[PDB]
Amino acid sequence: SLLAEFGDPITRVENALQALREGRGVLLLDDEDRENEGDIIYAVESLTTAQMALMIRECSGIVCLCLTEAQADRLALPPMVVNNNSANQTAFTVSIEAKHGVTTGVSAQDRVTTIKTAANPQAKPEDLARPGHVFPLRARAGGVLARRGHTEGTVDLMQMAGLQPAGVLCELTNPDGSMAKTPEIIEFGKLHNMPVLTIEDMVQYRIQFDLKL
Amino acid sequence: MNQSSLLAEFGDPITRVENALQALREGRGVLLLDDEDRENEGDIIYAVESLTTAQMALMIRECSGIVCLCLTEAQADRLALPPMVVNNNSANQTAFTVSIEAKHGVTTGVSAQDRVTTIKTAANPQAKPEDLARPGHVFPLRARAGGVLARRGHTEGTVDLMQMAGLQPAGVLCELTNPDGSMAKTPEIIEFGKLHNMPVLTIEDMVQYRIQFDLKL
Ligand SMILES: O=C(NO)[C@H](O)[C@H](O)COP(=O)(O)O
Ligand SMILES: O=C(NO)[C@H](O)[C@H](O)COP(=O)(O)O
């Protein structure tokens, strides 16, 4: 009901895709009975220090880099934990840092440097120190049709938009520390020209338009 | 405009440590600077045993958001939290363990209330490994035996401060960040302290104090 302000589910996806093509961010909500959380998403292709700074200012600050299994393997990033027993099996790899061009790794600029370094299609494992202050996530093969996570949503959006299949995500957080919920996510999107969409929107879009990716 | 001149208003090095200990006993935060030729960063530090949702929320608002839990090696061991990486090649060998979530009493783990729950669960000296799920959204750090007299890091400074204050040896830390995303330096750290009632001290302050009054912790 609140989401209708951003259009019908297909329109909501199209507007998100176009925002990403224009180098802008989007807000992605998962199922209400899952995390019921909204994440800011940026395309790595066009990622700027300003965008990263905004993400740190407005979100959890635990900025994650969503990668394909193939890119994660290229980087030799094993899962952070052999036996993952997190509630949602969040696919955290070992954390990373650019080995060149950063200092402590935590500044907005430094995180962008690390992210650009990792997402590079010609990247090598030795391009990244471990541990670091950027947190890669392995997207499941099949994307949101196989796992209904923001992780898959991020990589799927990039692929659907024709962009570098790597994106950054972080959870929108209210000033008092509680997580933004649907009305706050809607308001944020309207205030800051960021399309809002849901995982279910993406699932319907992909099935409807026969998008194999 | 050197650091010692700027910091003088917080008192002499010994006064600066004594004020930080007092703040922690009163359940307030402190701001800890490491060496200017090291990270040259200021971290907010809180004691775990008095940690509140509001304190955590401030860290999320104003710091990197990668909020770390400084633990003794014994505590990390009882939680089954070895180093995240066998062969750590990060710039200053930051002793990250794998990340953690409370097994019970949290949802996604990332809210201020959830992080506090996870941190208090992890810092409990009777905790068992099954009390935590991995990976998570709280990042534990293994402090070096010997504290700042073994490693001049915020990690050690955090645990040493709790011990010197007579609190349980667990604290949380996060790096203060400027609104433009850059990391806060001594002038901005000083202003933040005076805005948020946090005393400011340095690792060198701590080292000099321990050498004079607390060689063994
Ligand atoms: O918890 C996370 N990051 O720390 C998650 O990657 C993000 O918030 C949502 O992840 P998921 O929806 O793919 O499980
Ligand atoms: O990078 C970190 N945490 O993410 C460090 O724990 C924090 O910046 C201070 O670490 P230090 O113990 O090397 O001074």
# chains A, B, ... in the order shown; residues from 1 in each chain; ligands from 1
$ residues_around --residues "residue 57 of chain A" --least-positions-apart "4" --cutoff "7 Å" --atoms "only C-alpha atoms" --output "PyMOL selection string"
(chain A and resi 53) or (chain B and resi 61+179)
$ write_last_selection --atoms "N, CA and C atoms" --output "short mmCIF file (atom, residue, chain, number, x, y, z; two decimals), in the first residue's frame"
data_model
loop_
_atom_site.label_atom_id
_atom_site.label_comp_id
_atom_site.auth_asym_id
_atom_site.auth_seq_id
_atom_site.Cartn_x
_atom_site.Cartn_y
_atom_site.Cartn_z
N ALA A 53 30.00 8.19 1.67
CA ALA A 53 29.88 9.00 2.88
C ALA A 53 28.43 9.06 3.34
N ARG B 61 25.65 6.69 14.40
CA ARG B 61 25.48 8.00 13.78
C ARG B 61 26.79 8.68 13.39
N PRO B 179 31.50 14.25 8.89
CA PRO B 179 30.31 14.10 8.05
C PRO B 179 30.62 13.90 6.55
#
$ residues_near_ligand --ligand "ligand 2" --cutoff "8 Å" --atoms "only C-alpha atoms and all ligand atoms" --output "MDAnalysis selection string"
(chainID A and resid 104:106 132:133) or (chainID B and resid 34 39 41 43 66:68 70 92:96 139 141 143 152:157 173:175)
$ write_last_selection --atoms "C-alpha atoms" --output "PDB file, in the first residue's frame"
ATOM      1  CA  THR A 104      43.522   2.817   7.521  1.00  0.00           C
ATOM      2  CA  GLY A 105      40.853   1.628   5.089  1.00  0.00           C
ATOM      3  CA  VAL A 106      37.846   2.984   6.961  1.00  0.00           C
ATOM      4  CA  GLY A 132      39.808  -5.193   6.230  1.00  0.00           C
ATOM      5  CA  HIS A 133      36.886  -2.781   6.523  1.00  0.00           C
TER       6      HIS A 133
ATOM      7  CA  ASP B  34      46.641   6.527  18.890  1.00  0.00           C
ATOM      8  CA  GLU B  39      46.530   5.451  12.442  1.00  0.00           C
ATOM      9  CA  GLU B  41      42.570   8.231  14.530  1.00  0.00           C
ATOM     10  CA  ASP B  43      37.900   6.109  18.638  1.00  0.00           C
ATOM     11  CA  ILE B  66      32.043  -0.987  12.177  1.00  0.00           C
ATOM     12  CA  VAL B  67      31.634  -1.252  15.926  1.00  0.00           C
ATOM     13  CA  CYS B  68      34.217  -3.518  17.486  1.00  0.00           C
ATOM     14  CA  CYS B  70      37.629  -5.558  22.426  1.00  0.00           C
ATOM     15  CA  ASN B  92      48.535  -2.952  11.583  1.00  0.00           C
ATOM     16  CA  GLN B  93      47.614  -6.604  12.219  1.00  0.00           C
ATOM     17  CA  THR B  94      44.165  -5.670  13.572  1.00  0.00           C
ATOM     18  CA  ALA B  95      43.096  -8.794  15.454  1.00  0.00           C
ATOM     19  CA  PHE B  96      39.604  -9.286  13.988  1.00  0.00           C
ATOM     20  CA  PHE B 139      33.272  -7.412  15.266  1.00  0.00           C
ATOM     21  CA  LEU B 141      39.024  -7.980  18.487  1.00  0.00           C
ATOM     22  CA  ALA B 143      43.664  -7.674  22.639  1.00  0.00           C
ATOM     23  CA  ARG B 152      50.118   0.549  21.092  1.00  0.00           C
ATOM     24  CA  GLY B 153      46.637   0.027  19.620  1.00  0.00           C
ATOM     25  CA  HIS B 154      43.127   1.247  20.425  1.00  0.00           C
ATOM     26  CA  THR B 155      42.250  -2.427  20.967  1.00  0.00           C
ATOM     27  CA  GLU B 156      44.702  -2.722  23.844  1.00  0.00           C
ATOM     28  CA  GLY B 157      43.942   0.774  25.084  1.00  0.00           C
ATOM     29  CA  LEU B 173      35.306   0.986  20.050  1.00  0.00           C
ATOM     30  CA  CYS B 174      34.487   2.773  16.811  1.00  0.00           C
ATOM     31  CA  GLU B 175      36.439   5.341  14.776  1.00  0.00           C
TER      32      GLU B 175
END
$ atom_distance --atom1 "atom CA of residue 179 of chain A" --atom2 "atom CA of residue 37 of chain A"
6.9 Å
$ residues_near_ligand --ligand "ligand 1" --cutoff "10 Å" --atoms "only C-alpha atoms and all ligand atoms" --output "number ranges by chain"
A: 28-31, 34-40, 60-66, 86-92, 135-140, 144, 147-154, 168-172, 199; B: 99, 108-110, 135-138
$ write_last_selection --atoms "C-alpha atoms" --output "PDB file, in the first residue's frame"
ATOM      1  CA  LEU A  28      15.638  -2.170  -1.623  1.00  0.00           C
ATOM      2  CA  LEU A  29      13.196  -3.687   0.888  1.00  0.00           C
ATOM      3  CA  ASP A  30      13.012  -7.453   1.537  1.00  0.00           C
ATOM      4  CA  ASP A  31       9.965  -9.480   2.627  1.00  0.00           C
ATOM      5  CA  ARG A  34      12.068 -11.822   6.621  1.00  0.00           C
ATOM      6  CA  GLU A  35      14.284  -8.952   7.746  1.00  0.00           C
ATOM      7  CA  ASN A  36      11.729  -6.250   6.907  1.00  0.00           C
ATOM      8  CA  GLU A  37      14.703  -3.956   6.264  1.00  0.00           C
ATOM      9  CA  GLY A  38      15.527  -1.398   3.600  1.00  0.00           C
ATOM     10  CA  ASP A  39      19.058  -1.106   2.195  1.00  0.00           C
ATOM     11  CA  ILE A  40      20.629   1.672   0.191  1.00  0.00           C
ATOM     12  CA  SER A  60      24.581   0.809   9.676  1.00  0.00           C
ATOM     13  CA  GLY A  61      28.062   1.616   8.445  1.00  0.00           C
ATOM     14  CA  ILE A  62      28.685  -2.078   7.784  1.00  0.00           C
ATOM     15  CA  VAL A  63      29.013  -1.507   4.074  1.00  0.00           C
ATOM     16  CA  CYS A  64      28.911  -4.728   2.108  1.00  0.00           C
ATOM     17  CA  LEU A  65      30.144  -5.494  -1.382  1.00  0.00           C
ATOM     18  CA  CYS A  66      27.851  -7.856  -3.254  1.00  0.00           C
ATOM     19  CA  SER A  86      23.555 -16.950  11.057  1.00  0.00           C
ATOM     20  CA  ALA A  87      19.764 -16.607  10.909  1.00  0.00           C
ATOM     21  CA  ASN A  88      19.706 -15.957   7.143  1.00  0.00           C
ATOM     22  CA  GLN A  89      22.936 -17.703   6.093  1.00  0.00           C
ATOM     23  CA  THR A  90      24.361 -14.308   5.097  1.00  0.00           C
ATOM     24  CA  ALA A  91      27.292 -15.167   2.815  1.00  0.00           C
ATOM     25  CA  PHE A  92      29.991 -12.996   4.349  1.00  0.00           C
ATOM     26  CA  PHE A 135      32.621  -6.899   3.706  1.00  0.00           C
ATOM     27  CA  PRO A 136      32.068  -8.908   0.534  1.00  0.00           C
ATOM     28  CA  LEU A 137      28.958 -11.063   0.138  1.00  0.00           C
ATOM     29  CA  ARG A 138      28.664 -14.011  -2.253  1.00  0.00           C
ATOM     30  CA  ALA A 139      25.386 -13.725  -4.169  1.00  0.00           C
ATOM     31  CA  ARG A 140      23.663 -17.043  -4.720  1.00  0.00           C
ATOM     32  CA  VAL A 144      16.398 -13.449  -6.094  1.00  0.00           C
ATOM     33  CA  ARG A 147      17.474 -16.653  -2.461  1.00  0.00           C
ATOM     34  CA  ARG A 148      15.262 -13.724  -1.473  1.00  0.00           C
ATOM     35  CA  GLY A 149      18.063 -11.600  -0.013  1.00  0.00           C
ATOM     36  CA  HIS A 150      19.271  -8.022  -0.510  1.00  0.00           C
ATOM     37  CA  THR A 151      22.541  -9.641  -1.553  1.00  0.00           C
ATOM     38  CA  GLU A 152      20.930 -11.296  -4.590  1.00  0.00           C
ATOM     39  CA  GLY A 153      18.740  -8.259  -5.177  1.00  0.00           C
ATOM     40  CA  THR A 154      21.831  -6.098  -5.477  1.00  0.00           C
ATOM     41  CA  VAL A 168      27.296  -1.992  -2.427  1.00  0.00           C
ATOM     42  CA  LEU A 169      24.552  -2.311   0.155  1.00  0.00           C
ATOM     43  CA  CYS A 170      23.955  -0.967   3.627  1.00  0.00           C
ATOM     44  CA  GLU A 171      20.929  -0.993   5.931  1.00  0.00           C
ATOM     45  CA  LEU A 172      19.045   2.270   6.427  1.00  0.00           C
ATOM     46  CA  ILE A 199      12.498  -8.259  -3.502  1.00  0.00           C
TER      47      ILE A 199
ATOM     48  CA  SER B  99      31.954 -11.565  13.249  1.00  0.00           C
ATOM     49  CA  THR B 108      18.846  -9.004  12.147  1.00  0.00           C
ATOM     50  CA  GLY B 109      21.613  -8.060  14.588  1.00  0.00           C
ATOM     51  CA  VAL B 110      22.294  -4.635  13.155  1.00  0.00           C
ATOM     52  CA  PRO B 135      29.008 -14.517  11.080  1.00  0.00           C
ATOM     53  CA  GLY B 136      27.289 -11.398  12.396  1.00  0.00           C
ATOM     54  CA  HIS B 137      27.277  -7.637  12.747  1.00  0.00           C
ATOM     55  CA  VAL B 138      29.508  -7.160  15.814  1.00  0.00           C
TER      56      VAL B 138
END
$ closest_atom_pairs --of "chain B" --to "chain A" --cutoff "6 Å" --atoms "only C-alpha atoms" --output "CSV"
residue,atom,partner,partner_atom,distance
B:57,CA,A:177,CA,4.4
B:64,CA,A:61,CA,5.7
B:65,CA,A:61,CA,4.0
B:66,CA,A:62,CA,5.6
B:89,CA,A:129,CA,5.7
B:90,CA,A:129,CA,5.5
B:111,CA,A:178,CA,5.1
B:112,CA,A:177,CA,4.6
B:133,CA,A:86,CA,5.4
B:134,CA,A:86,CA,5.5
B:135,CA,A:86,CA,6.0
B:180,CA,A:53,CA,5.9
B:181,CA,A:53,CA,4.5
B:182,CA,A:107,CA,5.1
B:183,CA,A:107,CA,5.7
$ select_by_dssp --residues "segment 33-124 of chain A" --states "alpha helix (DSSP H)" --output "ChimeraX atom specification"
/A:49-58,69-74,108-119
$ write_last_selection --atoms "C-alpha atoms" --output "mmCIF file, in the first residue's frame"
data_model
loop_
_atom_site.group_PDB
_atom_site.id
_atom_site.type_symbol
_atom_site.label_atom_id
_atom_site.label_comp_id
_atom_site.auth_asym_id
_atom_site.auth_seq_id
_atom_site.Cartn_x
_atom_site.Cartn_y
_atom_site.Cartn_z
ATOM 1 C CA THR A 49 33.163 9.015 -2.167
ATOM 2 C CA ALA A 50 30.055 11.193 -1.622
ATOM 3 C CA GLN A 51 27.749 8.198 -2.028
ATOM 4 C CA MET A 52 29.868 6.146 0.368
ATOM 5 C CA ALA A 53 29.879 9.000 2.877
ATOM 6 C CA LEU A 54 26.095 9.243 2.677
ATOM 7 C CA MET A 55 25.850 5.504 3.237
ATOM 8 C CA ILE A 56 28.055 5.727 6.315
ATOM 9 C CA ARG A 57 26.094 8.767 7.606
ATOM 10 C CA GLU A 58 22.666 7.195 7.075
ATOM 11 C CA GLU A 69 30.379 -16.354 -6.991
ATOM 12 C CA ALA A 70 32.763 -16.083 -9.970
ATOM 13 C CA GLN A 71 34.246 -12.769 -8.833
ATOM 14 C CA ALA A 72 34.531 -13.997 -5.251
ATOM 15 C CA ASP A 73 36.421 -17.065 -6.536
ATOM 16 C CA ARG A 74 38.703 -14.884 -8.692
ATOM 17 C CA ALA A 108 34.720 6.825 2.703
ATOM 18 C CA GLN A 109 37.398 7.291 0.042
ATOM 19 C CA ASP A 110 39.359 4.272 1.295
ATOM 20 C CA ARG A 111 36.287 2.000 1.216
ATOM 21 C CA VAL A 112 35.542 3.106 -2.350
ATOM 22 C CA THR A 113 39.154 2.392 -3.291
ATOM 23 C CA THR A 114 38.886 -1.104 -1.810
ATOM 24 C CA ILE A 115 35.541 -1.746 -3.483
ATOM 25 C CA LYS A 116 36.714 -0.594 -6.918
ATOM 26 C CA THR A 117 39.826 -2.741 -6.485
ATOM 27 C CA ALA A 118 37.841 -5.846 -5.565
ATOM 28 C CA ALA A 119 35.127 -5.469 -8.187
#
$ residues_around --residues "segment 198-211 of chain B" --least-positions-apart "6" --cutoff "7 Å" --atoms "only C-alpha atoms" --output "PyMOL selection string"
chain B and resi 10+13-14+16-17+19-20+29-35+148-149+152+157+190
$ select_by_dssp --residues "segment 112-188 of chain A" --states "strand (DSSP E)" --output "VMD selection string"
chain A and resid 128 to 138 167 to 171
$ write_last_selection --atoms "C-alpha atoms" --output "compact mmCIF listing (two decimals), in the first residue's frame"
# COMPACT_ATOMS: atom_id res chain seq x y z
CA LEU A 128 43.42 -7.30 -1.39
CA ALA A 129 44.63 -7.50 2.20
CA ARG A 130 42.59 -9.56 4.66
CA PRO A 131 41.01 -8.71 7.05
CA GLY A 132 39.81 -5.19 6.23
CA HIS A 133 36.89 -2.78 6.52
CA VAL A 134 34.85 -3.82 3.47
CA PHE A 135 32.62 -6.90 3.71
CA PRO A 136 32.07 -8.91 0.53
CA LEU A 137 28.96 -11.06 0.14
CA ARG A 138 28.66 -14.01 -2.25
CA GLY A 167 27.05 -3.40 -5.91
CA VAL A 168 27.30 -1.99 -2.43
CA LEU A 169 24.55 -2.31 0.16
CA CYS A 170 23.95 -0.97 3.63
CA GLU A 171 20.93 -0.99 5.93
$ atom_distance --atom1 "atom CA of residue 187 of chain B" --atom2 "atom CA of residue 56 of chain B"
23.1 Å
$ closest_residue --among "A:15, A:77, A:159, A:127" --to "residue 100 of chain A" --atoms "only C-alpha atoms"
A:127
$ atom_distance --atom1 "atom CA of residue 131 of chain B" --atom2 "atom CA of residue 170 of chain B"
16.8 Å
$ closest_residue --among "A:78, A:9, A:165, A:121" --to "residue 42 of chain A" --atoms "only C-alpha atoms"
A:165
$ residues_around --residues "residue 51 of chain B" --least-positions-apart "5" --cutoff "12 Å" --atoms "only C-alpha atoms" --output "list in words"
residues 24, 25, 26, 27, 28, 29, 45, 46, 56, 57, 58, 59, 69, 112, 113, 115, 116, 117, 118, 119, 120, 123, 170, 171, 172 and 173 of chain B
$ residues_around --residues "residue 44 of chain A" --least-positions-apart "2" --cutoff "6 Å" --atoms "only C-alpha atoms" --output "MDAnalysis selection string"
chainID A and resid 46:47 166:167
$ write_last_selection --atoms "N, CA and C atoms" --output "short mmCIF file (atom, residue, chain, number, x, y, z; two decimals), in the first residue's frame"
data_model
loop_
_atom_site.label_atom_id
_atom_site.label_comp_id
_atom_site.auth_asym_id
_atom_site.auth_seq_id
_atom_site.Cartn_x
_atom_site.Cartn_y
_atom_site.Cartn_z
N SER A 46 29.68 3.22 -10.81
CA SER A 46 29.63 4.68 -10.66
C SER A 46 29.83 5.17 -9.23
N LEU A 47 30.35 4.30 -8.37
CA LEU A 47 30.43 4.63 -6.95
C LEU A 47 31.36 5.81 -6.69
N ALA A 166 28.35 -5.88 -9.61
CA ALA A 166 28.87 -5.69 -8.28
C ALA A 166 28.19 -4.47 -7.73
N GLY A 167 27.72 -4.55 -6.49
CA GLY A 167 27.05 -3.40 -5.91
C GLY A 167 27.33 -3.31 -4.43
#
$ residues_around --residues "residue 186 of chain B" --least-positions-apart "5" --cutoff "9 Å" --atoms "only C-alpha atoms" --output "mmCIF file with N, CA and C atoms, in the first residue's frame"
data_model
loop_
_atom_site.group_PDB
_atom_site.id
_atom_site.type_symbol
_atom_site.label_atom_id
_atom_site.label_comp_id
_atom_site.auth_asym_id
_atom_site.auth_seq_id
_atom_site.Cartn_x
_atom_site.Cartn_y
_atom_site.Cartn_z
ATOM 1 N N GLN B 3 50.024 18.265 18.919
ATOM 2 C CA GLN B 3 48.959 17.567 19.625
ATOM 3 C C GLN B 3 48.964 17.877 21.109
ATOM 4 N N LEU B 6 47.284 21.232 21.853
ATOM 5 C CA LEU B 6 45.836 21.156 21.684
ATOM 6 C C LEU B 6 45.197 20.412 22.850
ATOM 7 N N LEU B 7 45.803 19.293 23.233
ATOM 8 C CA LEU B 7 45.261 18.451 24.298
ATOM 9 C C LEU B 7 45.417 19.030 25.701
ATOM 10 N N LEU B 33 42.944 8.482 21.177
ATOM 11 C CA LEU B 33 43.788 8.727 20.013
ATOM 12 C C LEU B 33 45.015 7.834 20.034
ATOM 13 N N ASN B 40 46.592 7.586 13.553
ATOM 14 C CA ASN B 40 46.243 8.973 13.814
ATOM 15 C C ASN B 40 44.729 9.145 13.788
ATOM 16 N N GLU B 41 44.035 8.226 14.456
ATOM 17 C CA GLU B 41 42.570 8.231 14.530
ATOM 18 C C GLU B 41 42.078 8.244 15.975
ATOM 19 N N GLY B 42 40.901 8.824 16.192
ATOM 20 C CA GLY B 42 40.286 8.826 17.502
ATOM 21 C C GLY B 42 39.096 7.894 17.507
ATOM 22 N N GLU B 191 36.664 18.651 19.506
ATOM 23 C CA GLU B 191 35.369 19.331 19.484
ATOM 24 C C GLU B 191 34.239 18.359 19.794
#
$ closest_residue --among "B:8, B:47, B:215, B:54" --to "residue 166 of chain B" --atoms "only C-alpha atoms"
B:47
